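Now for the letters of each chain:
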Protein chains: 2
Amino acid sequence: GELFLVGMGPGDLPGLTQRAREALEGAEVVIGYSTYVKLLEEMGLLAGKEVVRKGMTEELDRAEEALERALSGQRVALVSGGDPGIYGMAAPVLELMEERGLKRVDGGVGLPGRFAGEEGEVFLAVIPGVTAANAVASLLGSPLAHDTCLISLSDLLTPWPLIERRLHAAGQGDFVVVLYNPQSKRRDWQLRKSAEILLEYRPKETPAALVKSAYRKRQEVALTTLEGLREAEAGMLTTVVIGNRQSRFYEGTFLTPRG
Amino acid sequence: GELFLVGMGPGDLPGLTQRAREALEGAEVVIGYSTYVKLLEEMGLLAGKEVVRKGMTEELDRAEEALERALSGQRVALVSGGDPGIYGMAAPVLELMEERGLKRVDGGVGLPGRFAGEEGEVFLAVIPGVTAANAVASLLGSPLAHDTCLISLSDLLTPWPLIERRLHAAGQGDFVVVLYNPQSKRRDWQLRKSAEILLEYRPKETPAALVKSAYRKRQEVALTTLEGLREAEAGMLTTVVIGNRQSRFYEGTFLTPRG
Ligand SMILES: Nc1ncnc2c1ncn2[C@@H]1O[C@H](CSCC[C@H](N)C(=O)O)[C@@H](O)[C@H]1O
Ligand SMILES: Nc1ncnc2c1ncn2[C@@H]1O[C@H](CSCC[C@H](N)C(=O)O)[C@@H](O)[C@H]1O
């Protein structure tokens, strides 16, 4: 069967690539987390297709569901917000295929590729999409105009000590920092802690920003400073951007110099 | 006037977002480096528009050209490969506007935004696109599935010592690394040096890859190891990806684990 991991971009119809539109068009079954599936449903892109979102809350369940359906011979589209390879479905799917002992049967390298196992075969492809970092940057100015680090604050499946390590490294290397999954329930202090770590490498007045629901309804852009981040509140659909030692604000824009 | 910095994505027609297509459609004048402009011309997207590519070799010239035209009241589309905010035109344009003393006249934050000065006004917007990192990752597997660092090896306008610093930090933090502008003429040793720096933090057998002209003609995917990178040759349209201490190869795919 076919299994296409389709990156949706930030969330609006214009945000998808034609390649993503085409992948959805050819899919017989579309799988993804409720919120994303509904966005596509509202766009009117899932008419006449089997839509699967019930019981798709868990990352692993979505991957297993999509893989078993593809192995059975269905043309599946597993949707991800932004890009599937950035804290998305690409990794869970490959890890599951590896676990199931699927082997490449076309002699190729990378993807797309055809794989097969005792339980069938699957043509796997990843359709890229605009990731949150680039999407929120377009709503800020040129914050990522220089070397950037992408870090997820989702301690889920990743030790906080390591995240601290990633933050110190990003801090000492003077990288612009983009925080994915900035705030949680279990640990409502991670954002503040992240800011304090970075504060040891760059000024309090270092430009920072919290962009919520980029390109979606209730989109919100909030400019602040690294120091201000210590008391900031972030949602589940928020991406935080922290400038480097050269970043500065220019007439409302977050400007990170090219040189 | 209008000035839209349009991200083209990797280079093929399906790679553009509908938002990018729409920005080009509404533009009266399209500006960009020869190679990118021609790609769009081949796609048949510039019919009936004033196309500017002669004398557009320099980054600064393209920005100045686009800005002066917009200030004069033209609807301009300044095109960039991938995303305009990743080693693109977003920074040069903002820096030029700042230099010219343009001030925001709509009370907004971030972008899009309207700016004006002694020489006129301009409505500035950045249309995001799939950046090379995400585009080549889709052709590899799930290499960027965890925290990633984007570094440009273009010593142009950026001291090599700093790049070394960025590399050591990325190395010590165990970040997956994506190298933009990997090889030059003046310094045909930067790639090898970069590999040697990272070799002090992760194994020789650490997965690595060189992806050339992703989604374009003569696209090429080459899998190798960090050690192998010391003797690798990269082109101007090549992006290099180096896995972290957990990355591994799986049946032809570059797999960086999610946890
Ligand atoms: N529209 C949007 N606006 C702001 N941040 C967003 C966003 N969509 C996704 N994110 C960010 O991404 C996190 C989910 S992690 C999955 C990310 C996705 N594969 C991508 O490429 O963007 C969120 O917690 C948030 O930090
Ligand atoms: N189609 C493609 N395949 C591989 N690398 C590419 C590419 N297009 C751009 N790049 C990478 O980007 C570098 C130019 S720097 C400009 C990058 C662009 N704004 C973006 O978002 O991708 C190249 O030297 C190369 O490393």
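Residues numbered from 1 in each chain as written, not as in the entry; some residues may be left out. Chains lettered and ligands numbered in written order. Heavy atoms only, no water.

1. Some thoughts on the UniProt feature "domain: Tetrapyrrole methylase" (unreviewed entry) in chain A
This chain's UniProt record puts "domain: Tetrapyrrole methylase" (unreviewed entry) on residues 3–228 of chain A. Each end of residues 3–228 of chain A is marked by a C-alpha atom, and these two atoms are 44 Å apart; helix forms 31% of the span and strand 25%. (UniProt positions renumbered as here; feature names shortened; annotations may be inferred. Helix = DSSP H or I, 4+ residues; strand = E, 2+ residues; numbered from the N terminus.)

2. A look at the site of ligand 2
Residue and element names in this part refer to chain B. Taken together, 20 residues surround ligand 2, and among them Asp 83, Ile 86, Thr 131, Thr 238 and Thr 239 come closest. For ligand 2, a nitrogen atom lies 2.6 Å from a polar atom in the side chain of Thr 239. In isolation ligand 2 exposes 560 Å². Once the protein is present, 93% of that is buried. Of all the elements in the fold, those that place two or more residues in the shell around ligand 2 are helix 5 (132–138) and strand 13 (238–242). Residue composition of the shell around ligand 2, grouped by class: eleven nonpolar, seven polar and two charged. (Near = heavy atom within 4 Å. Polar contact = N/O pair within 3.5 Å; in protein donor to acceptor, adjacent residues only side chain to side chain. Areas by Shrake-Rupley, 256 points an atom, 1.4 Å probe, with all protein chains shown as cover. Nonpolar A, V, L, I, M, F, W, Y, C, P; charged D, E, K, R; others polar.)

3. Regarding a negative patch on the surface
All names here are of chain A. Where like charges cluster on the molecular surface, the negative patch consists of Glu 58, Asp 61, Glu 64, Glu 68 and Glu 99. Looking at the negative patch element by element, the count peaks at three residues for helix 3 (residues 59–71). By secondary structure assignment, the location of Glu 64 is in helix 3. Taking relative accessible area as the criterion, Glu 64 reaches 36% and is therefore assigned partly exposed. (Patch = residues over 30% accessible without salt bridge, like charges linked within 9 Å, V, L, I, M, F, W, Y side chains within 5 Å. Salt bridge = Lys/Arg side-chain N within 4 Å of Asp/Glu carboxyl O. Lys, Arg positive; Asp, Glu negative; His and termini not counted. Charge placed at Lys NZ, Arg CZ, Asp CG, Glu CD. Buried < 20%, exposed > 50% of the residue type's maximum accessible area, 1.4 Å probe, protein only.)

4. Description of the interface of chain B and chain A
Contacts between the two partners involve 73 residues from chain B and, on the opposite side, 73 residues from chain A. Here chain B packs against chain A, burying approximately 6,400 Å² in sum over the two surfaces, 55% of which is carbon and sulfur. Of all residues in chain B, the largest losses of buried area upon contact with chain A belong to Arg 166, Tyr 250 and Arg 258 of chain B, amounting jointly to 12% of the total for that side. Our count for the contact surface shared by chain B and chain A stands at twelve salt bridges. Among the ionic pairs, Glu 59 of chain A bridges to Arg 258 of chain B, the shortest N-O distance being 4.0 Å. For the pair chain B and chain A, the number of links is 44 residue pairs in polar contact. Examining the composition of the side of chain B that touches chain A, we find that seven residues originate from one element, helix 4 (residues 90–99) of chain B, more than from any other. Considering only residue class, the side of chain B that touches chain A consists of 36 nonpolar, 22 polar and 15 charged. Bridge count for strand 9 (residues 148–152) of chain A against strand 9 (residues 148–152) of chain B is three bridges, and the pairing is antiparallel. Following the sheet pairing, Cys 149 of chain A is matched in strand 9 of chain B by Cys 149 of chain B. (Contact = heavy atoms within 4.5 Å. Buried area = accessible area lost by both parts, 1.4 Å probe. Pairing = 2+ DSSP bridges.)

5. Overview of the pattern of salt bridges
All names here are of chain A. Summed over all chains, the structure comprises 40 salt bridges over all chains. A salt bridge links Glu 196 to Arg 192; the shortest N-O distance between them is 3.6 Å. Highlighted residues: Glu 196 and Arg 192, both in helix 7 (residues 190–198), separated by four residues, approximately one helical turn.

6. A word on the site of ligand 1
Residues and elements named next belong to chain A. The environment of ligand 1 is made up of 20 residues, and the closest members are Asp 83, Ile 86, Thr 131, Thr 238 and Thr 239. The backbone of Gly 81 places a nitrogen or oxygen atom 3.0 Å from a nitrogen atom of ligand 1. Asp 83 is positioned such that a nitrogen or oxygen atom in its backbone is 2.7 Å from a nitrogen atom of ligand 1. Alone, ligand 1 offers 550 Å² of accessible surface; in the complex the protein occludes 92% of this.

7. Concerning the sheet that holds strand 4 (residues 75–80) of chain B
Residues and elements named next belong to chain B. Across the sheet, seven strands lie side by side as 3-2-4-1-7-6-5; this open sheet has mixed pairing. Looking at which strands have only one partner, the edges of the open sheet turn out to be strand 3 (50–52) and strand 5 (103–104). Contacts from helix 1 (residues 18–26) reach strand 1 (2–7), strand 2 (29–31), strand 4 and strand 7 (120–127), with the element oriented near 140° to strand 1. (Axes fitted to C-alpha atoms, helices over the stretch in contact; angles between N-to-C directions.)

8. Concerning the pairing of strand 11 (residues 207–212) of chain B
Residues and elements named next belong to chain B. Burial within strand 11 is extensive, with five of its six residues counted as buried. Judged from the six bridges that link them, strand 11 and strand 12 (residues 220–225) form a sheet pairing that is antiparallel. Note that in strand 12 the partner of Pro 207 across the bridge is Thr 225. Here strand 11 pairs with strand 13 via five bridges, running antiparallel. Counterpart to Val 211 in the pairing with strand 13 is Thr 239.

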